[PDB]
file protein39.cif (mmCIF, N, CA, C and O atoms)
data_run
loop_
_atom_site.label_atom_id
_atom_site.label_comp_id
_atom_site.auth_asym_id
_atom_site.auth_seq_id
_atom_site.Cartn_x
_atom_site.Cartn_y
_atom_site.Cartn_z
N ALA Q 33 -24.07 52.56 -10.07
CA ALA Q 33 -23.58 52.60 -8.67
C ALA Q 33 -23.65 54.01 -8.04
O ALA Q 33 -22.54 54.61 -7.88
N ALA Q 34 -24.83 54.40 -7.45
CA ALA Q 34 -24.96 55.40 -6.34
C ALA Q 34 -24.54 54.76 -5.02
O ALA Q 34 -24.60 53.58 -4.99
N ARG Q 35 -24.18 55.58 -4.03
CA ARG Q 35 -23.69 55.07 -2.75
C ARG Q 35 -24.84 54.35 -2.03
O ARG Q 35 -24.59 53.76 -1.00
N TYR Q 36 -26.09 54.45 -2.50
CA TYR Q 36 -27.25 53.97 -1.72
C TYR Q 36 -28.40 53.64 -2.68
O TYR Q 36 -28.46 54.11 -3.82
N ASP Q 37 -29.31 52.83 -2.18
CA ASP Q 37 -30.50 52.35 -2.92
C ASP Q 37 -31.75 53.16 -2.57
O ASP Q 37 -32.68 53.25 -3.41
N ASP Q 38 -31.87 53.61 -1.33
CA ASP Q 38 -33.05 54.35 -0.84
C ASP Q 38 -32.63 55.15 0.39
O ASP Q 38 -31.44 55.10 0.76
N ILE Q 39 -33.56 55.93 0.89
CA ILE Q 39 -33.26 56.97 1.90
C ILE Q 39 -34.29 56.88 3.02
O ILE Q 39 -35.47 56.72 2.75
N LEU Q 40 -33.80 57.05 4.24
CA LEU Q 40 -34.57 57.14 5.51
C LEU Q 40 -34.36 58.56 6.04
O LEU Q 40 -33.18 58.96 6.11
N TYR Q 41 -35.42 59.23 6.47
CA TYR Q 41 -35.37 60.55 7.10
C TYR Q 41 -35.62 60.33 8.58
O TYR Q 41 -36.72 59.99 8.97
N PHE Q 42 -34.60 60.55 9.38
CA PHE Q 42 -34.73 60.31 10.83
C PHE Q 42 -35.38 61.53 11.46
O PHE Q 42 -34.92 62.67 11.29
N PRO Q 43 -36.44 61.33 12.30
CA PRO Q 43 -37.19 62.46 12.87
C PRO Q 43 -36.55 62.95 14.18
O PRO Q 43 -36.89 62.49 15.27
N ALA Q 44 -35.59 63.85 14.06
CA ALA Q 44 -34.78 64.25 15.22
C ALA Q 44 -35.68 64.82 16.31
O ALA Q 44 -35.39 64.55 17.46
N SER Q 45 -36.69 65.62 16.00
CA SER Q 45 -37.44 66.27 17.09
C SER Q 45 -38.22 65.23 17.91
O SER Q 45 -38.51 65.50 19.09
N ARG Q 46 -38.54 64.07 17.33
CA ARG Q 46 -39.20 62.96 18.04
C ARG Q 46 -38.23 62.24 18.98
O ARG Q 46 -38.68 61.80 20.06
N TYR Q 47 -36.98 62.11 18.57
CA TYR Q 47 -35.95 61.38 19.33
C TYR Q 47 -34.68 62.22 19.32
O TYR Q 47 -33.70 61.93 18.65
N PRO Q 48 -34.69 63.33 20.09
CA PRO Q 48 -33.64 64.32 19.90
C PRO Q 48 -32.24 63.86 20.28
O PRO Q 48 -31.27 64.26 19.65
N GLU Q 49 -32.12 63.06 21.34
CA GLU Q 49 -30.78 62.64 21.74
C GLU Q 49 -30.21 61.65 20.71
O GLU Q 49 -29.01 61.76 20.36
N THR Q 50 -31.00 60.70 20.26
CA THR Q 50 -30.51 59.74 19.26
C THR Q 50 -30.25 60.48 17.94
O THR Q 50 -29.20 60.27 17.31
N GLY Q 51 -31.13 61.41 17.59
CA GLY Q 51 -30.89 62.19 16.36
C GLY Q 51 -29.60 62.99 16.43
O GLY Q 51 -28.89 63.07 15.42
N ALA Q 52 -29.30 63.59 17.58
CA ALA Q 52 -28.06 64.36 17.74
C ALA Q 52 -26.87 63.42 17.59
O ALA Q 52 -25.82 63.82 17.05
N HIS Q 53 -26.96 62.20 18.16
CA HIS Q 53 -25.84 61.26 18.00
C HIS Q 53 -25.64 60.93 16.50
O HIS Q 53 -24.50 61.00 16.05
N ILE Q 54 -26.69 60.52 15.84
CA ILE Q 54 -26.54 60.15 14.42
C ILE Q 54 -25.96 61.34 13.62
O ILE Q 54 -25.02 61.17 12.84
N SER Q 55 -26.50 62.53 13.86
CA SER Q 55 -26.03 63.73 13.14
C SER Q 55 -24.57 64.02 13.48
O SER Q 55 -23.76 64.25 12.55
N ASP Q 56 -24.21 64.02 14.76
CA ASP Q 56 -22.80 64.28 15.12
C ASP Q 56 -21.89 63.20 14.51
O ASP Q 56 -20.76 63.54 14.08
N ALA Q 57 -22.31 61.94 14.50
CA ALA Q 57 -21.45 60.86 14.00
C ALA Q 57 -21.26 61.02 12.49
O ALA Q 57 -20.13 60.85 12.00
N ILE Q 58 -22.35 61.29 11.78
CA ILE Q 58 -22.25 61.50 10.30
C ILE Q 58 -21.38 62.72 10.00
O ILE Q 58 -20.49 62.66 9.12
N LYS Q 59 -21.55 63.80 10.75
CA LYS Q 59 -20.74 65.01 10.55
C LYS Q 59 -19.27 64.72 10.82
O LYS Q 59 -18.43 65.43 10.25
N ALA Q 60 -18.96 63.74 11.66
CA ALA Q 60 -17.58 63.32 11.97
C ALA Q 60 -17.03 62.27 10.99
O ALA Q 60 -15.89 61.83 11.14
N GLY Q 61 -17.81 61.87 10.02
CA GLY Q 61 -17.29 60.98 8.98
C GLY Q 61 -17.71 59.53 9.14
O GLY Q 61 -17.28 58.72 8.31
N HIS Q 62 -18.43 59.16 10.20
CA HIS Q 62 -18.99 57.80 10.22
C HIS Q 62 -19.95 57.66 9.03
O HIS Q 62 -20.60 58.65 8.66
N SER Q 63 -20.11 56.46 8.51
CA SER Q 63 -20.94 56.29 7.30
C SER Q 63 -22.37 56.78 7.51
O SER Q 63 -23.00 56.45 8.52
N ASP Q 64 -22.87 57.47 6.48
CA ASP Q 64 -24.28 57.87 6.40
C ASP Q 64 -25.13 56.79 5.76
O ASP Q 64 -26.36 56.97 5.72
N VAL Q 65 -24.52 55.71 5.28
CA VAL Q 65 -25.22 54.60 4.62
C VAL Q 65 -25.16 53.36 5.53
O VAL Q 65 -24.12 53.01 6.05
N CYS Q 66 -26.32 52.72 5.62
CA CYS Q 66 -26.48 51.43 6.31
C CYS Q 66 -26.72 50.38 5.24
O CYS Q 66 -27.79 50.38 4.61
N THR Q 67 -25.77 49.48 5.08
CA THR Q 67 -25.93 48.29 4.22
C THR Q 67 -26.52 47.24 5.13
O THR Q 67 -25.83 46.65 5.99
N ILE Q 68 -27.83 47.04 5.04
CA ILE Q 68 -28.56 46.24 6.06
C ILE Q 68 -28.05 44.81 6.06
O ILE Q 68 -27.94 44.18 5.01
N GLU Q 69 -27.78 44.30 7.24
CA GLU Q 69 -27.32 42.90 7.36
C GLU Q 69 -27.72 42.46 8.77
O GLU Q 69 -27.03 42.75 9.74
N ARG Q 70 -28.88 41.84 8.87
CA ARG Q 70 -29.49 41.59 10.19
C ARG Q 70 -28.79 40.42 10.92
O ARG Q 70 -28.74 40.44 12.14
N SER Q 71 -28.29 39.41 10.20
CA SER Q 71 -27.81 38.17 10.88
C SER Q 71 -26.59 38.45 11.74
O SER Q 71 -26.44 37.79 12.78
N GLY Q 72 -25.76 39.40 11.36
CA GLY Q 72 -24.53 39.72 12.08
C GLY Q 72 -24.70 40.74 13.19
O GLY Q 72 -23.68 41.11 13.80
N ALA Q 73 -25.91 41.17 13.50
CA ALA Q 73 -26.09 42.29 14.44
C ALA Q 73 -25.57 41.94 15.84
O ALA Q 73 -24.98 42.81 16.48
N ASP Q 74 -25.84 40.75 16.33
CA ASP Q 74 -25.39 40.43 17.71
C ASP Q 74 -23.86 40.46 17.78
O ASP Q 74 -23.29 40.98 18.77
N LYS Q 75 -23.19 39.95 16.76
CA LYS Q 75 -21.71 39.98 16.69
C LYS Q 75 -21.23 41.44 16.67
O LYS Q 75 -20.29 41.80 17.36
N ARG Q 76 -21.82 42.25 15.79
CA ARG Q 76 -21.37 43.65 15.67
C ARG Q 76 -21.57 44.40 16.96
O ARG Q 76 -20.71 45.23 17.29
N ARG Q 77 -22.66 44.14 17.67
CA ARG Q 77 -22.88 44.89 18.95
C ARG Q 77 -21.82 44.47 19.96
O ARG Q 77 -21.38 45.30 20.75
N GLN Q 78 -21.44 43.20 19.98
CA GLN Q 78 -20.35 42.80 20.91
C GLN Q 78 -19.10 43.61 20.61
O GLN Q 78 -18.45 44.03 21.53
N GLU Q 79 -18.78 43.80 19.32
CA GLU Q 79 -17.56 44.49 18.90
C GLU Q 79 -17.69 45.99 19.21
O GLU Q 79 -16.74 46.60 19.70
N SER Q 80 -18.82 46.62 18.89
CA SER Q 80 -18.93 48.09 19.11
C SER Q 80 -18.92 48.46 20.57
O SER Q 80 -18.42 49.50 20.94
N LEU Q 81 -19.49 47.57 21.42
CA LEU Q 81 -19.70 47.95 22.82
C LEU Q 81 -18.60 47.38 23.73
O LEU Q 81 -18.65 47.63 24.93
N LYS Q 82 -17.63 46.65 23.17
CA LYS Q 82 -16.54 46.03 23.98
C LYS Q 82 -15.91 47.07 24.90
O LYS Q 82 -15.48 48.12 24.42
N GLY Q 83 -15.86 46.79 26.20
CA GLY Q 83 -15.15 47.65 27.15
C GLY Q 83 -15.91 48.89 27.54
O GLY Q 83 -15.34 49.68 28.31
N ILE Q 84 -17.14 49.10 27.05
CA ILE Q 84 -17.91 50.31 27.40
C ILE Q 84 -18.89 49.94 28.50
O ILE Q 84 -19.79 49.14 28.30
N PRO Q 85 -18.72 50.50 29.72
CA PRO Q 85 -19.63 50.15 30.79
C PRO Q 85 -21.07 50.57 30.50
O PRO Q 85 -21.31 51.54 29.76
N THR Q 86 -22.04 49.83 31.01
CA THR Q 86 -23.43 50.30 31.12
C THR Q 86 -23.51 51.51 32.06
O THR Q 86 -22.63 51.72 32.96
N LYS Q 87 -24.59 52.25 31.92
CA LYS Q 87 -24.86 53.43 32.76
C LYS Q 87 -26.33 53.42 33.14
O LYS Q 87 -27.20 53.46 32.26
N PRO Q 88 -26.69 53.51 34.44
CA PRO Q 88 -28.10 53.54 34.81
C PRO Q 88 -28.85 54.73 34.16
O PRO Q 88 -28.37 55.86 34.21
N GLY Q 89 -30.02 54.46 33.57
CA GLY Q 89 -30.86 55.49 32.93
C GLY Q 89 -30.57 55.68 31.45
O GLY Q 89 -31.30 56.44 30.82
N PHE Q 90 -29.52 55.05 30.95
CA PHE Q 90 -29.03 55.31 29.59
C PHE Q 90 -28.81 53.98 28.88
O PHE Q 90 -28.51 52.96 29.49
N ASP Q 91 -28.93 54.05 27.56
CA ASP Q 91 -28.55 52.96 26.66
C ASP Q 91 -27.31 53.36 25.87
O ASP Q 91 -27.09 54.58 25.71
N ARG Q 92 -26.52 52.38 25.47
CA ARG Q 92 -25.33 52.61 24.64
C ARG Q 92 -25.77 52.63 23.19
O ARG Q 92 -25.96 51.57 22.60
N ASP Q 93 -25.97 53.81 22.62
CA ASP Q 93 -26.47 53.96 21.24
C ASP Q 93 -25.30 53.85 20.26
O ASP Q 93 -24.31 54.51 20.48
N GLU Q 94 -25.48 53.09 19.19
CA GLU Q 94 -24.40 52.86 18.20
C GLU Q 94 -24.71 53.57 16.88
O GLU Q 94 -25.85 53.43 16.36
N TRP Q 95 -23.72 54.21 16.31
CA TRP Q 95 -23.83 54.66 14.90
C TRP Q 95 -22.46 54.48 14.27
O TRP Q 95 -21.51 55.10 14.75
N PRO Q 96 -22.30 53.71 13.18
CA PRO Q 96 -23.36 52.99 12.50
C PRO Q 96 -23.97 51.89 13.39
O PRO Q 96 -23.38 51.42 14.35
N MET Q 97 -25.18 51.52 13.04
CA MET Q 97 -25.96 50.54 13.81
C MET Q 97 -25.47 49.11 13.60
O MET Q 97 -24.85 48.77 12.59
N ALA Q 98 -25.76 48.26 14.62
CA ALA Q 98 -25.30 46.86 14.59
C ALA Q 98 -25.91 46.09 13.43
O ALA Q 98 -25.30 45.12 12.98
N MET Q 99 -27.10 46.49 12.96
CA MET Q 99 -27.79 45.82 11.83
C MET Q 99 -27.27 46.31 10.47
O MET Q 99 -27.88 45.97 9.46
N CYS Q 100 -26.14 47.01 10.45
CA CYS Q 100 -25.51 47.50 9.23
C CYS Q 100 -24.11 46.90 9.11
O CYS Q 100 -23.40 46.79 10.11
N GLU Q 101 -23.69 46.58 7.90
CA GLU Q 101 -22.31 46.11 7.68
C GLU Q 101 -21.30 47.13 8.21
O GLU Q 101 -20.19 46.72 8.61
N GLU Q 102 -21.64 48.41 8.17
CA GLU Q 102 -20.75 49.49 8.58
C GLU Q 102 -20.59 49.56 10.11
O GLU Q 102 -19.72 50.30 10.55
N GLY Q 103 -21.43 48.86 10.86
CA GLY Q 103 -21.36 48.87 12.33
C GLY Q 103 -20.27 47.96 12.83
O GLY Q 103 -19.42 47.42 12.09
N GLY Q 104 -20.30 47.73 14.13
CA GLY Q 104 -19.28 46.91 14.79
C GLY Q 104 -18.07 47.74 15.18
O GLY Q 104 -18.17 48.84 15.72
N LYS Q 105 -16.89 47.22 14.85
CA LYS Q 105 -15.60 47.89 15.17
C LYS Q 105 -15.62 49.33 14.70
O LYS Q 105 -16.01 49.61 13.54
N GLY Q 106 -15.22 50.22 15.59
CA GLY Q 106 -15.09 51.64 15.22
C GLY Q 106 -16.37 52.43 15.31
O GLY Q 106 -16.31 53.63 15.08
N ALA Q 107 -17.51 51.82 15.61
CA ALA Q 107 -18.76 52.58 15.64
C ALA Q 107 -18.72 53.62 16.75
O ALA Q 107 -18.16 53.40 17.85
N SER Q 108 -19.40 54.74 16.50
CA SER Q 108 -19.66 55.74 17.56
C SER Q 108 -20.64 55.17 18.58
O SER Q 108 -21.65 54.60 18.18
N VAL Q 109 -20.33 55.37 19.86
CA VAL Q 109 -21.24 54.92 20.93
C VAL Q 109 -21.46 56.08 21.90
O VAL Q 109 -20.47 56.65 22.35
N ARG Q 110 -22.72 56.39 22.18
CA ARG Q 110 -23.08 57.50 23.05
C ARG Q 110 -24.07 56.96 24.10
O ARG Q 110 -24.99 56.24 23.76
N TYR Q 111 -23.94 57.44 25.33
CA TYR Q 111 -25.00 57.23 26.32
C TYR Q 111 -26.20 58.12 26.00
O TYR Q 111 -26.07 59.35 26.01
N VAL Q 112 -27.32 57.48 25.69
CA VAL Q 112 -28.56 58.17 25.31
C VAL Q 112 -29.65 57.77 26.31
O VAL Q 112 -29.80 56.58 26.60
N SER Q 113 -30.42 58.76 26.80
CA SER Q 113 -31.51 58.46 27.74
C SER Q 113 -32.32 57.29 27.19
O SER Q 113 -32.73 57.34 26.02
N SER Q 114 -32.63 56.30 28.02
CA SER Q 114 -33.20 55.04 27.49
C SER Q 114 -34.51 55.25 26.73
O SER Q 114 -34.71 54.56 25.73
N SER Q 115 -35.44 56.09 27.17
CA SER Q 115 -36.74 56.24 26.46
C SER Q 115 -36.51 56.73 25.02
O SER Q 115 -37.17 56.23 24.09
N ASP Q 116 -35.59 57.66 24.87
CA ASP Q 116 -35.22 58.25 23.55
C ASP Q 116 -34.57 57.15 22.71
O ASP Q 116 -34.96 56.93 21.55
N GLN Q 117 -33.57 56.49 23.25
CA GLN Q 117 -32.77 55.51 22.51
C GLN Q 117 -33.67 54.37 22.05
O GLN Q 117 -33.58 53.91 20.90
N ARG Q 118 -34.51 53.87 22.95
CA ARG Q 118 -35.31 52.69 22.61
C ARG Q 118 -36.43 53.07 21.64
O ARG Q 118 -36.73 52.26 20.73
N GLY Q 119 -37.03 54.25 21.80
CA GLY Q 119 -38.05 54.71 20.84
C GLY Q 119 -37.44 54.86 19.47
O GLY Q 119 -38.03 54.45 18.47
N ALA Q 120 -36.24 55.44 19.41
CA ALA Q 120 -35.56 55.67 18.12
C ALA Q 120 -35.22 54.34 17.47
O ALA Q 120 -35.41 54.19 16.23
N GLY Q 121 -34.65 53.42 18.23
CA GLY Q 121 -34.27 52.13 17.63
C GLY Q 121 -35.48 51.39 17.11
O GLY Q 121 -35.41 50.74 16.03
N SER Q 122 -36.59 51.48 17.83
CA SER Q 122 -37.82 50.83 17.33
C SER Q 122 -38.32 51.54 16.07
O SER Q 122 -38.74 50.83 15.14
N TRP Q 123 -38.30 52.85 16.04
CA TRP Q 123 -38.72 53.60 14.84
C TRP Q 123 -37.87 53.17 13.64
O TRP Q 123 -38.40 52.87 12.56
N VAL Q 124 -36.57 53.14 13.83
CA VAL Q 124 -35.67 52.81 12.71
C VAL Q 124 -35.93 51.39 12.22
O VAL Q 124 -36.02 51.15 11.02
N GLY Q 125 -36.01 50.43 13.15
CA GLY Q 125 -36.23 49.06 12.70
C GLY Q 125 -37.55 48.91 11.97
O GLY Q 125 -37.64 48.19 10.95
N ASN Q 126 -38.59 49.58 12.44
CA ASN Q 126 -39.91 49.58 11.82
C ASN Q 126 -39.82 50.10 10.38
O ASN Q 126 -40.41 49.50 9.46
N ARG Q 127 -39.08 51.18 10.20
CA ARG Q 127 -38.99 51.84 8.88
C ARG Q 127 -38.09 51.04 7.96
O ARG Q 127 -38.27 51.15 6.75
N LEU Q 128 -37.11 50.32 8.48
CA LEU Q 128 -36.21 49.52 7.63
C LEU Q 128 -36.75 48.14 7.30
O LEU Q 128 -36.15 47.47 6.44
N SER Q 129 -37.87 47.73 7.89
CA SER Q 129 -38.28 46.33 7.67
C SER Q 129 -38.67 46.06 6.23
O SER Q 129 -38.66 44.92 5.82
N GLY Q 130 -39.08 47.10 5.48
CA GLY Q 130 -39.44 46.88 4.09
C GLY Q 130 -38.22 46.55 3.23
O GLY Q 130 -38.40 46.11 2.10
N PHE Q 131 -37.02 46.75 3.72
CA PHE Q 131 -35.81 46.58 2.90
C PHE Q 131 -35.11 45.28 3.24
O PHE Q 131 -34.70 45.07 4.43
N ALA Q 132 -34.93 44.42 2.27
CA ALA Q 132 -34.19 43.16 2.46
C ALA Q 132 -32.74 43.42 2.81
O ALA Q 132 -32.14 44.45 2.42
N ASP Q 133 -32.15 42.47 3.53
CA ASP Q 133 -30.68 42.48 3.73
C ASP Q 133 -29.97 42.75 2.40
O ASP Q 133 -30.37 42.19 1.35
N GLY Q 134 -28.95 43.58 2.47
CA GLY Q 134 -28.13 43.97 1.31
C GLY Q 134 -28.53 45.33 0.76
O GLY Q 134 -27.72 45.94 0.04
N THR Q 135 -29.70 45.81 1.09
CA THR Q 135 -30.12 47.14 0.65
C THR Q 135 -29.29 48.18 1.36
O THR Q 135 -29.04 48.06 2.58
N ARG Q 136 -28.86 49.19 0.63
CA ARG Q 136 -28.06 50.31 1.17
C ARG Q 136 -28.98 51.50 1.40
O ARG Q 136 -29.55 52.03 0.43
N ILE Q 137 -29.12 51.92 2.65
CA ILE Q 137 -30.03 53.03 3.00
C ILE Q 137 -29.23 54.22 3.50
O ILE Q 137 -28.50 54.10 4.47
N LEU Q 138 -29.38 55.34 2.81
CA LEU Q 138 -28.84 56.62 3.26
C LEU Q 138 -29.73 57.20 4.35
O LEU Q 138 -30.94 57.23 4.19
N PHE Q 139 -29.11 57.56 5.48
CA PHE Q 139 -29.82 58.25 6.56
C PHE Q 139 -29.60 59.75 6.46
O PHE Q 139 -28.43 60.17 6.39
N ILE Q 140 -30.69 60.49 6.51
CA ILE Q 140 -30.66 61.96 6.61
C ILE Q 140 -31.37 62.33 7.93
O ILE Q 140 -32.50 61.89 8.13
N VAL Q 141 -30.70 63.11 8.74
CA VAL Q 141 -31.32 63.54 10.00
C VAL Q 141 -32.09 64.82 9.71
O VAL Q 141 -31.47 65.79 9.32
N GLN Q 142 -33.40 64.77 9.90
CA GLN Q 142 -34.27 65.91 9.65
C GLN Q 142 -34.63 66.58 10.97
O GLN Q 142 -34.30 67.78 11.09
#

call {"tool": "encode", "arguments": {"input": "protein39.cif", "output": "structure tokens"}}
result
Amino acid sequence: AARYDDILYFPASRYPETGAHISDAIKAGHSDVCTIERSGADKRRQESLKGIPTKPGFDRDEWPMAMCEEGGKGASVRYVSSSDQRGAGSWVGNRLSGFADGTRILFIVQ
């Protein structure tokens, strides 16, 4: 039992606002590990974003992410410029697709 099964290196200079959120959230004690669980993501996003208004030009970025058991209630949410947020979320999902639900992935912001 290590805290994680494999590791993702997030490319902060490619997606600087989303990388700063993930880094600030991990530095504040939010989990650095994503226990992937895709089926519950819509439920978790309802819980993480409850009561947080939308903002024109920005997306509500979550860390931990909705596709992680660690997401949902208590997640960090930041307004992130939409091009940055959406590019980052697509990058992350693309890189995590090789891992089945239940895999624990440590995120390191590079």

call {"tool": "closest_residue", "arguments": {"input": "protein39.cif", "among": "Q:104, Q:43, Q:130, Q:121", "to": "residue Q:81", "atoms": "all atoms listed in the file"}}
result
Q:104

call {"tool": "resolve_selection", "arguments": {"input": "protein39.cif", "expression": "the PyMOL selection byres ((chain Q and resi 107) around 6)", "output": "list in words"}}
result
residues 80, 94, 95, 96, 102, 103, 104, 105, 106, 108 and 109 of chain Q

call {"tool": "select_by_dssp", "arguments": {"input": "protein39.cif", "residues": "chain Q", "states": "helix (DSSP H, G or I)", "output": "tab-separated table (two decimals) with N, CA, C and O atoms, keeping the file's coordinate frame"}}
result
chain	number	residue	atom	x	y	z
Q	48	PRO	N	-34.69	63.33	20.09
Q	48	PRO	CA	-33.64	64.32	19.90
Q	48	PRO	C	-32.24	63.86	20.28
Q	48	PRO	O	-31.27	64.26	19.65
Q	49	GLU	N	-32.12	63.06	21.34
Q	49	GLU	CA	-30.78	62.64	21.74
Q	49	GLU	C	-30.21	61.65	20.71
Q	49	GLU	O	-29.01	61.76	20.36
Q	50	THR	N	-31.00	60.70	20.26
Q	50	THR	CA	-30.51	59.74	19.26
Q	50	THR	C	-30.25	60.48	17.94
Q	50	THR	O	-29.20	60.27	17.31
Q	51	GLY	N	-31.13	61.41	17.59
Q	51	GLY	CA	-30.89	62.19	16.36
Q	51	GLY	C	-29.60	62.99	16.43
Q	51	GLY	O	-28.89	63.07	15.42
Q	52	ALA	N	-29.30	63.59	17.58
Q	52	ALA	CA	-28.06	64.36	17.74
Q	52	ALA	C	-26.87	63.42	17.59
Q	52	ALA	O	-25.82	63.82	17.05
Q	53	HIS	N	-26.96	62.20	18.16
Q	53	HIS	CA	-25.84	61.26	18.00
Q	53	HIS	C	-25.64	60.93	16.50
Q	53	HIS	O	-24.50	61.00	16.05
Q	54	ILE	N	-26.69	60.52	15.84
Q	54	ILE	CA	-26.54	60.15	14.42
Q	54	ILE	C	-25.96	61.34	13.62
Q	54	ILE	O	-25.02	61.17	12.84
Q	55	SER	N	-26.50	62.53	13.86
Q	55	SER	CA	-26.03	63.73	13.14
Q	55	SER	C	-24.57	64.02	13.48
Q	55	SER	O	-23.76	64.25	12.55
Q	56	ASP	N	-24.21	64.02	14.76
Q	56	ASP	CA	-22.80	64.28	15.12
Q	56	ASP	C	-21.89	63.20	14.51
Q	56	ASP	O	-20.76	63.54	14.08
Q	57	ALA	N	-22.31	61.94	14.50
Q	57	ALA	CA	-21.45	60.86	14.00
Q	57	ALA	C	-21.26	61.02	12.49
Q	57	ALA	O	-20.13	60.85	12.00
Q	58	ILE	N	-22.35	61.29	11.78
Q	58	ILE	CA	-22.25	61.50	10.30
Q	58	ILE	C	-21.38	62.72	10.00
Q	58	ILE	O	-20.49	62.66	9.12
Q	59	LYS	N	-21.55	63.80	10.75
Q	59	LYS	CA	-20.74	65.01	10.55
Q	59	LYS	C	-19.27	64.72	10.82
Q	59	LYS	O	-18.43	65.43	10.25
Q	73	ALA	N	-25.91	41.17	13.50
Q	73	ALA	CA	-26.09	42.29	14.44
Q	73	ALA	C	-25.57	41.94	15.84
Q	73	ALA	O	-24.98	42.81	16.48
Q	74	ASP	N	-25.84	40.75	16.33
Q	74	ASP	CA	-25.39	40.43	17.71
Q	74	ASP	C	-23.86	40.46	17.78
Q	74	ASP	O	-23.29	40.98	18.77
Q	75	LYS	N	-23.19	39.95	16.76
Q	75	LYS	CA	-21.71	39.98	16.69
Q	75	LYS	C	-21.23	41.44	16.67
Q	75	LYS	O	-20.29	41.80	17.36
Q	76	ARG	N	-21.82	42.25	15.79
Q	76	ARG	CA	-21.37	43.65	15.67
Q	76	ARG	C	-21.57	44.40	16.96
Q	76	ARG	O	-20.71	45.23	17.29
Q	77	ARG	N	-22.66	44.14	17.67
Q	77	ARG	CA	-22.88	44.89	18.95
Q	77	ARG	C	-21.82	44.47	19.96
Q	77	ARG	O	-21.38	45.30	20.75
Q	78	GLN	N	-21.44	43.20	19.98
Q	78	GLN	CA	-20.35	42.80	20.91
Q	78	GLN	C	-19.10	43.61	20.61
Q	78	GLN	O	-18.45	44.03	21.53
Q	79	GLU	N	-18.78	43.80	19.32
Q	79	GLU	CA	-17.56	44.49	18.90
Q	79	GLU	C	-17.69	45.99	19.21
Q	79	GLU	O	-16.74	46.60	19.70
Q	80	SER	N	-18.82	46.62	18.89
Q	80	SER	CA	-18.93	48.09	19.11
Q	80	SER	C	-18.92	48.46	20.57
Q	80	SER	O	-18.42	49.50	20.94
Q	81	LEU	N	-19.49	47.57	21.42
Q	81	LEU	CA	-19.70	47.95	22.82
Q	81	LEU	C	-18.60	47.38	23.73
Q	81	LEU	O	-18.65	47.63	24.93
Q	114	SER	N	-32.63	56.30	28.02
Q	114	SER	CA	-33.20	55.04	27.49
Q	114	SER	C	-34.51	55.25	26.73
Q	114	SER	O	-34.71	54.56	25.73
Q	115	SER	N	-35.44	56.09	27.17
Q	115	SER	CA	-36.74	56.24	26.46
Q	115	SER	C	-36.51	56.73	25.02
Q	115	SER	O	-37.17	56.23	24.09
Q	116	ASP	N	-35.59	57.66	24.87
Q	116	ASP	CA	-35.22	58.25	23.55
Q	116	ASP	C	-34.57	57.15	22.71
Q	116	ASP	O	-34.96	56.93	21.55
Q	117	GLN	N	-33.57	56.49	23.25
Q	117	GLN	CA	-32.77	55.51	22.51
Q	117	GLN	C	-33.67	54.37	22.05
Q	117	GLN	O	-33.58	53.91	20.90
Q	118	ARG	N	-34.51	53.87	22.95
Q	118	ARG	CA	-35.31	52.69	22.61
Q	118	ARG	C	-36.43	53.07	21.64
Q	118	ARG	O	-36.73	52.26	20.73
Q	119	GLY	N	-37.03	54.25	21.80
Q	119	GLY	CA	-38.05	54.71	20.84
Q	119	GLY	C	-37.44	54.86	19.47
Q	119	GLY	O	-38.03	54.45	18.47
Q	120	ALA	N	-36.24	55.44	19.41
Q	120	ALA	CA	-35.56	55.67	18.12
Q	120	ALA	C	-35.22	54.34	17.47
Q	120	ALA	O	-35.41	54.19	16.23
Q	121	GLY	N	-34.65	53.42	18.23
Q	121	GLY	CA	-34.27	52.13	17.63
Q	121	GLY	C	-35.48	51.39	17.11
Q	121	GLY	O	-35.41	50.74	16.03
Q	122	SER	N	-36.59	51.48	17.83
Q	122	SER	CA	-37.82	50.83	17.33
Q	122	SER	C	-38.32	51.54	16.07
Q	122	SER	O	-38.74	50.83	15.14
Q	123	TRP	N	-38.30	52.85	16.04
Q	123	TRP	CA	-38.72	53.60	14.84
Q	123	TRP	C	-37.87	53.17	13.64
Q	123	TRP	O	-38.40	52.87	12.56
Q	124	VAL	N	-36.57	53.14	13.83
Q	124	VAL	CA	-35.67	52.81	12.71
Q	124	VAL	C	-35.93	51.39	12.22
Q	124	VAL	O	-36.02	51.15	11.02
Q	125	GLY	N	-36.01	50.43	13.15
Q	125	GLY	CA	-36.23	49.06	12.70
Q	125	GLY	C	-37.55	48.91	11.97
Q	125	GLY	O	-37.64	48.19	10.95
Q	126	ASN	N	-38.59	49.58	12.44
Q	126	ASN	CA	-39.91	49.58	11.82
Q	126	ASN	C	-39.82	50.10	10.38
Q	126	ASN	O	-40.41	49.50	9.46
Q	127	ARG	N	-39.08	51.18	10.20
Q	127	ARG	CA	-38.99	51.84	8.88
Q	127	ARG	C	-38.09	51.04	7.96
Q	127	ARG	O	-38.27	51.15	6.75
Q	128	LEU	N	-37.11	50.32	8.48
Q	128	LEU	CA	-36.21	49.52	7.63
Q	128	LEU	C	-36.75	48.14	7.30
Q	128	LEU	O	-36.15	47.47	6.44

call {"tool": "residues_around", "arguments": {"input": "protein39.cif", "residues": "stretch 88-92 of chain Q", "least_positions_apart": "5", "cutoff": "10 Å", "atoms": "only C-alpha atoms", "output": "number ranges by chain"}}
result
Q: 77, 80-81, 108-118

call {"tool": "resolve_selection", "arguments": {"input": "protein39.cif", "expression": "the PyMOL selection byres ((chain Q and resi 54-71) around 8)", "output": "PyMOL selection string"}}
result
chain Q and resi 35-40+47-53+72-76+93-103+106-108+128+131-141

call {"tool": "atom_distance", "arguments": {"input": "protein39.cif", "atom1": "atom CA of residue Q:142", "atom2": "atom N of residue Q:124"}}
result
13.6 Å

call {"tool": "axis_aligned_box", "arguments": {"input": "protein39.cif", "around": "stretch 85-88 of chain Q", "padding_each_side": "4 Å", "output": "lines of an AutoDock Vina configuration file"}}
result
center_x = -23.8
center_y = 52.8
center_z = 32.3
size_x = 18.1
size_y = 14.0
size_z = 13.1

call {"tool": "select_by_dssp", "arguments": {"input": "protein39.cif", "residues": "stretch 61-138 of chain Q", "states": "strand (DSSP E)", "output": "ChimeraX atom specification"}}
result
/Q:65-67,90-95,108-113,136-138
